[PDB]
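Worksheet: the structure to be examined is printed underneath.
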Amino acid sequence: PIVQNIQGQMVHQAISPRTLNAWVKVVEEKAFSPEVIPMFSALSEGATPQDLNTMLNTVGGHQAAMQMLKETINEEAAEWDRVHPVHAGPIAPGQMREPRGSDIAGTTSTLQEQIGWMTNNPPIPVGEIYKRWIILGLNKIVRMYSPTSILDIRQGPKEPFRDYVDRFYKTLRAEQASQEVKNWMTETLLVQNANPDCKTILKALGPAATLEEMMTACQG
Amino acid sequence: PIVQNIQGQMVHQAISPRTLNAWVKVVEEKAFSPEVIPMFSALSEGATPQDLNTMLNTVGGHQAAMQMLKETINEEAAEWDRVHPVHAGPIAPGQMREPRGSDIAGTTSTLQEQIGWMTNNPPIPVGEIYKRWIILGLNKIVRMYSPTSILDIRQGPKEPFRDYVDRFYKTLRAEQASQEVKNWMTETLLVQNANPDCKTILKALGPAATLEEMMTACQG
Amino acid sequence: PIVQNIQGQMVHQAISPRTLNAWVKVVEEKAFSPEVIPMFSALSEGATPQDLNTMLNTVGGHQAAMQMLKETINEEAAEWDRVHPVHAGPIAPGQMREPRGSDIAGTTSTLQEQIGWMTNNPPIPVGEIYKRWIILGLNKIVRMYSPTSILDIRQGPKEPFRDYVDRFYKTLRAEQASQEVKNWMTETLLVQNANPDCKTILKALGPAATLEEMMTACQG
Amino acid sequence: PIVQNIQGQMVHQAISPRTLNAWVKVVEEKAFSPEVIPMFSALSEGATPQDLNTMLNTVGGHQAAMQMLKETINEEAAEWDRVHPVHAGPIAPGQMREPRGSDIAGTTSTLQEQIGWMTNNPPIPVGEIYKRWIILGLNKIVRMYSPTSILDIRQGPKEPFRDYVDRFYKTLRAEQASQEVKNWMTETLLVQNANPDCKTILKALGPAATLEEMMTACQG
Amino acid sequence: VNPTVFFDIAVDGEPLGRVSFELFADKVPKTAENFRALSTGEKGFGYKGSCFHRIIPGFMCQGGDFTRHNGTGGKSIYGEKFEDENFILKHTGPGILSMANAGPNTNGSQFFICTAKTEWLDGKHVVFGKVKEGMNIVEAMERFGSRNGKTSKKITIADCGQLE
């Protein structure tokens with residue numbers, strides 16, 4: 001990835017082997033958790049499309065998920081070309097390159113072309129666009145890897161409220177929906193699926209009670 | 001490997017022991033799977049032919065694969081010498097003599113001569129040529145390690161569709177016969193070998209079906 | 001079909017009866033086989049869309065195949081209308097307006113308009129476009145009339161190698177999935193399905209073996 | 001095929017459907033025999049490569065033989081390329097470029113280019129070269145279709161000399177060898193494989209006896 | 001923005017002059033990068049020390065066969081041959097630098113410098129640059145060629161590289 005170099009002139013610095021090893025280890029140890037998306041977004045800050053292609057090729061296993069990621073990248077490139085076609089217009093006095101769906105995906109774009117598109121003024125946000133595409137793909141993958149539906153989350157007879165709410169919020173974060181749907185679900189589904197012993201306790205507190213009040217109520 | 005300085009020039013640098021350790025560890029732990037070529041290309045960016053001969057000789061075990069790689073490098077060097085004969089006689093003062101195939105390999109030349117070739121005006125990319133040759137050899141090696149053929153894939157009555165498609169795409173990336181042949185295979189052989197129930201669930205969606213709906217059909 | 005004269009110009013000519021008779025006889029006697037497309041392309045060289053609609057409507061029997069061809073022509077006509085949109089504004093004095101997707105078929109246009117389209121300056125090849133569409137439809141028809149798939153081919157213990165390779169190449173020319181995939185199939189599936197004795201006789205020559213030695217090995 | 005047109009100006013005349021029907025009939029009844037090569041050379045006099053491709057595509061069945069013919073055409077094209085290199089560069093306005101090895105087989109050469117190569121002064125013998133290639137292929141195929149070898153031809157005890165000599169000369173013509181070898185082959189094999197009584201009858205005439213005397217010896 | 005490369009031309013080793021070229025990388029980028037990179041020699045192989053093997057007075061000067069030195073060879077920086085990038089630019093006059101080929105999608109390293117307007121070549125050879133400085137050096141070169149292209153003296157690219 002390119003980085004601000006002293007002084008004020010961005011030059012290309014190849015991806016460090018330690019970053020690739022950290023990525024391989026986090027994909028090996030954590031599989032495909034919701035948190036990987038932030039770890040991926042933070043490990044590849046300002047990365048050229050070639051670096052993101054390297055980081056997606058260095059993965060070991062989960063080839064089905066990588067295939068969905070590649071297909072969604074292709075779909076985003078296709079839609080991007082459809083949303084950004086060259087309509088006839090007077091030619092600009094200044095010419096700057098332009099990134100195609102295939103030029104953004106780093107397939108047919110040489111490293112020099114990407115460095116140009118990034119360091120030129122005004123900059124072309126090819127890296128951020130490809131990162132948005134990969135993040136959409138990773139969201140698809142982590143929502144697919146969900147073992148059970150959020151509607152099936154129910155507490156055991158003696159399962160403490162601690163592990164119950166932990167697993168429930170984990171599955172809810174892995175689940176995909178708008179924020180208002182989650183706001184309705186945390187009020188309609190959480191208290192209902194609890195164990196009756198502590199369900200009575202949560203009902204005694206009130207419907208609009210916060211999480212900490214219920215958690216300290218059923219505490220112990 | 002060469003590294004640029006503050007003023008922009010580059011000079012030889014000793015190979016880091018961390019790079020060698022990581023390369024040997026990934027070769028030992030991950031054996032010879034499709035994800036060694038990207039990591040090899042990332043580890044030795046800008047490495048001299050001596051550094052690549054180091055990274056190859058340092059691989060203990062799997063000596064048959066290393067012999068295959070050596071034979072491939074030998075054939076590539078012979079073809080390079082045949083396609084680019086070297087001139088005889090006195091060499092110009094401002095130009096250093098062009099390398100032969102056995103010298104592009106770095107077998108019969110000193111490190112200072114490699115550095116002079118790489119930092120000449122114009123620069124001569126011996127490292128990139130030998131890296132391309134090693135990448136071709138590693139492609140042939142990962143082709144050889146391929147456990148099964150692409151046609152013999154048939155899903156068991158109990159083997160889930162996820163494991164089936166994982167194995168399929170694994171051996172498909174290990175095949176690397178071509179790109180359009182791979183595209184035809186993922187259309188035909190992927191749906192041709194499904195379990196009868198999920199098979200007809202996929203046929204219900206027709207050939208226009210994508211992989212995501214292909215999986216969520218048999219899902220649950 | 002148009003025909004050139006002594007002065008060099010062309011004009012409409014009535015379709016010859018023993019062409020219609022030959023086409024109807026070859027369609028009925030040979031039914032549908034890969035060698036009906038070359039005969040069709042040779043019989044109607046330079047034929048107007050009316051002549052092609054004649055040669056298609058005249059085919060009695062096999063009405064399902066003719067309906068498939070009509071549907072294929074229908075979809076092809078729609079694509080042509082979508083790809084190019086008629087321009088607005090004043091038209092140049094030396095130029096006049098073009099035909100539509102449905103009029104390329106000649107369904108809603110008189111013969112004089114077809115002749116004017118074919119002998120205009122510059123000429124418009126409506127006949128060649130509709131012939132390409134009909135050839136694609138006939139390819140799909142001969143694909144449907146294929147009696148087996150390419151993978152199911154397995155030579156019997158007594159069926160001679162000549163009959164096996166004949167059946168193989170017949171259903172391969174009737175497959176027409178691609179050209180490079182065909183090149184891979186003729187290397188792999190041809191050698192993979194031989195009878196054990198002649199199978200190992202072919203394996204004695206390695207993959208470098210050509211078809212001639214491949215057959216004269218099992219010969220005699 | 002092109003033909004001399006009044007007056008003295010060769011113009012392109014498409015292949016007639018009756019010629020194609022005659023070819024299909026001779027490849028339906030005669031199938032593959034020694035007489036097909038002469039019939040083919042007479043039906044395609046001065047034919048453009050497109051006409052020969054049309055005549056080779058219309059053959060229904062015998063796909064192995066057509067594949068042998070295509071492969072031998074490719075081999076002859078490769079040999080022509082290795083013997084007649086084609087220099088790249090802009091063409092002269094008056095004269096046409098030298099045809100490559102694949103421009104002869106009509107694969108990538110448009111009909112206009114072939115017409116140019118034939119009608120130009122001096123003419124380029126593309127048609128005769130492609131005919132020589134197809135004739136080599138047909139010789140290969142007819143020597144392959146031979147049921148038995150010439151050494152296996154033997155007369156039955158009461159099989160008349162007529163059928164014996166007819167079958168022997170037919171197999172000898174189908175066989176492929178230099179005429180000089182055939183001169184010894186006849187004088188060594190014709191009399192030896194005959195019936196003992198007719199063997200002594202022919203040996204009474206002499207070793208260098210002509211065919212007509214040998215025939216009228218055992219006549220009846 | 002558009003690269004500029006030069007060629008120091010030599011006639012049997014006597015220095016003759018410098019021709020410099022503006023490569024239209026903003027319309028034919030992949031074609032322009034291949035001539036740029038072959039001029040610098042940065043990928044290991046290139047034009048330096050190759051000659052113009054075919055010079056036809058009043059038409060064009062052709063060169064660039066650095067592997068076989070006679071029009072039967074040369075290779076690109078993408079492999080031996082690549083596609084015709086596009087045909088936006090036309091052969092409008094002297095000084096246009098266009099790609100030689102052996103039919104469509106067969107571009108390698110051979111190029112030709114036009115010394116006349118050659119509109120018949122339009123649509124058949126990709127144009128990707130024009131002479132900037134040095135056209136009278138290209139014109140003087142014509143004298144060492146012939147109707148059929150054969151040149152009378154060896155005309156070499158003595159040195160070449162990128163200027164800007």
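Each chain in the structure tokens gets a letter, A, B and so on, in the order shown; residues start at 1 in every chain, and ligands are counted from 1 in the order they appear.
All C-alpha atoms of chain B and chain A, which share one sequence, were paired in order; after least-squares superposition their RMSD is 1.9 Å.
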May I ask you to extract the residues of chain A within 9 Å of chain E, using only C-alpha atoms, and to give them as JSON, numbers by chain?
{"A": [95, 96, 97]}
Show me, as a ChimeraX atom specification, the residues of chain B whose atoms get within 9 Å of chain C, using only C-alpha atoms for the distance check.
/B:177,180-181,184
Write the residues of the preceding selection, restricted to N, CA and C atoms, as a compact mmCIF listing (two decimals), in the first residue's frame.
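Heads up, here's the output in part27.txt:
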```txt
# COMPACT_ATOMS: atom_id res chain seq x y z
N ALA B 177 -6.13 -25.74 -15.63
CA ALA B 177 -6.01 -26.05 -17.05
C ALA B 177 -6.17 -24.80 -17.90
N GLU B 180 -11.45 -20.20 -19.38
CA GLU B 180 -12.75 -20.44 -19.97
C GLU B 180 -13.20 -21.89 -19.77
N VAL B 181 -12.26 -22.83 -19.79
CA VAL B 181 -12.60 -24.21 -19.47
C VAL B 181 -13.06 -24.32 -18.02
N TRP B 184 -16.62 -23.03 -17.94
CA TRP B 184 -17.57 -24.03 -18.43
C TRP B 184 -17.76 -25.15 -17.41
```
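Here CA of residue 195 in chain D stands at a distance of 26.4 Å from CA of residue 220 in chain C.
Residue nearest residue 143 in chain A within the list A:2, A:53, A:206, A:170: A:170 [criterion: smallest interatomic distance, only C-alpha atoms].
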Point-to-point distance in Å for CA of residue 165 in chain C and CA of residue 146 in chain C
16.1 Å
Please identify all polymer residues within 10 Å of residue 193 in chain B, counting only C-alpha atoms, omitting same-chain residues fewer than 4 positions from it, and present them as a list in words.
residues 151, 152, 153, 154, 155, 156, 164, 188, 189 and 199 of chain B
What would the file look like if the residues just selected were written as a tab-separated table (two decimals), in the first residue's frame with C-alpha atoms?
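File written: result.tsv
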```
chain	number	residue	atom	x	y	z
B	151	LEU	CA	-14.14	-35.35	-13.39
B	152	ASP	CA	-14.15	-37.91	-10.56
B	153	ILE	CA	-16.02	-35.56	-8.22
B	154	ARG	CA	-19.32	-37.04	-7.04
B	155	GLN	CA	-21.13	-35.99	-3.88
B	156	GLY	CA	-21.96	-38.67	-1.34
B	164	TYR	CA	-18.78	-30.88	-1.88
B	188	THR	CA	-21.80	-27.94	-15.97
B	189	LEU	CA	-19.95	-30.25	-13.56
B	199	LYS	CA	-30.02	-31.83	-7.34
```
DSSP helix (DSSP H, G or I) selection over range 1-214 of chain C, as a PyMOL selection string
chain C and resi 17-30+34-43+49-57+63-83+101-104+111-118+126-144+161-173+180-192+196-203+211-214
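Straight-line separation from CA of residue 74 in chain A to CA of residue 134 in chain A: 10.6 Å.
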Exercise: residue 133 in chain E partners within 12 Å, only C-alpha atoms, chain neighbours under 6 positions left out, as a ChimeraX atom specification:
/E:4-8,17-22,95,163
Can you tell me, as number ranges by chain, what residues are no more than 7 Å from residue 128 in chain E when counting only C-alpha atoms, ignoring any on the same chain fewer than 4 positions away?
E: 23-24, 28, 31-32, 97-98
Writing out the chosen residues with C-alpha atoms as a PDB file, in the first residue's frame:
```pdb
ATOM      1  CA  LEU E  23       3.241   8.274 -27.266  1.00  0.00           C
ATOM      2  CA  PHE E  24      -0.519   8.747 -27.020  1.00  0.00           C
ATOM      3  CA  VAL E  28      -3.844   3.762 -26.735  1.00  0.00           C
ATOM      4  CA  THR E  31       0.241   0.003 -27.019  1.00  0.00           C
ATOM      5  CA  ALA E  32       2.082   3.108 -25.788  1.00  0.00           C
ATOM      6  CA  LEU E  97       3.929   6.032 -35.532  1.00  0.00           C
ATOM      7  CA  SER E  98       1.827   3.002 -36.065  1.00  0.00           C
TER       8      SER E  98
END
```
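Considering the residues B:51, B:35, B:28, B:187 and counting only C-alpha atoms, residue 63 in chain A has its shortest atom-to-atom contact with B:35.
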